[PDB]
């Protein structure tokens, strides 16, 4: 039973291949956190974590290679409650579960100290053969404020699964504090999700998608950076984060209402317009993440199935910002209709450095996490490695946003990211304030 060999998802397989190239690197360490506005009980939250992890297969997994050098996933339950043992009676390693408690209340700069701690953690390798590929810390910041850090290996947890985890952790915590029965985990099955992907690869639809993507990028446009460079390996990013209050972000909501487009499309159009104005390029490429989750089971299965696809956009002279939004939606229609095809498979068939642009990741709405009084607001710490730039947004136009520019350190210094980020957010807001305006005429800061 413990010897059941689980197949990897497409996303996991690609992470595994990439990791092999730099076996002891930490470039696939990613993370997020919850900013929590009220006091929590660490002992109870620690028990909540043990229960949560036990019910989350991906967080109890390790990865090994079979006799032919092919990877597989192995499920390793945590130790029994109260046990100090680290391997089971048959020698199977137990998934460890540790919630660190780091009291920074009283330090000169609790928030800055927490960030430094999280950066140090993210730079720490997590060997794939050791089960429980995550790292958890509860910070006490003072004023009753906390920060819950979830660090993971990319291979076990994607953006969608971070939200799944936080909601489950809080649900268990509330139950324990209340003396209620812990609601049963409602997570789906990874094996079924993988079987779904295999079913896809076996269907005629696979070929239709292959033809669609390859045809769209025959000319094999060279990936370009905002900097002029110059791309190489995907590396852990330098992250610069900017908070924008509702007074600054509401305008995105108004532009969405006016154009009839979801606000994420407005952001994507904004990035396209910004690239156009920066480089003069008529033909711009941005890359867009999709969840890779198809069907009810997939939607509730913590894991790594995320996909990344190239969005090719023509920005023509005289076009209004509203018009660019329309171009984005037309391009997205095609992308979504062929979303099952792996971005990695497309690059592989095109050769070279593949096709890509800045990753534009507008995270889906997540309800504030309720710990039974205290509330947790999620923010990204690092979304993953990049050959160039990831642009990550969390929040909504109404509630305010966090904008993270995550740059490959061989391409950007932190100060470069700060400068580019500021110019972008101001330009985006200028565009959003009047979508009828001509893109080529909109004010762009030096």
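Positions refer to the first chain, counted from 1.
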Which is higher in the entry, the mean Cα B factor of 409-417 or that of 382-390? 409-417
With respect to the recorded C-alpha B factors, which stretch has the higher mean value, 321-329 or 214-222? 214-222
Of 106, 151, 376, 91, which one's C-alpha B factor is largest in the deposited record? 106
Among the choices 292, 343, 246, 351, identify the one whose CA B-factor in the record is greatest. 351
In terms of its chain's C-alpha B-factors, the third that includes residue 69 is the highest
Quick tally, chain-level thirds of C-alpha B-factors: residue 305 sits in the lowest
Using the B-factors in the PDB entry, rank residue 38's C-alpha atom against the chain and give the third, lowest, middle or highest. middle
Comparing against every modelled residue in the chain, figure out the third that the C-alpha B-factor of residue 274 lands in (lowest, middle or highest). middle
Grab the CA temperature factor for residue 299 from the record and place it in the lowest, middle or highest third of its chain. lowest
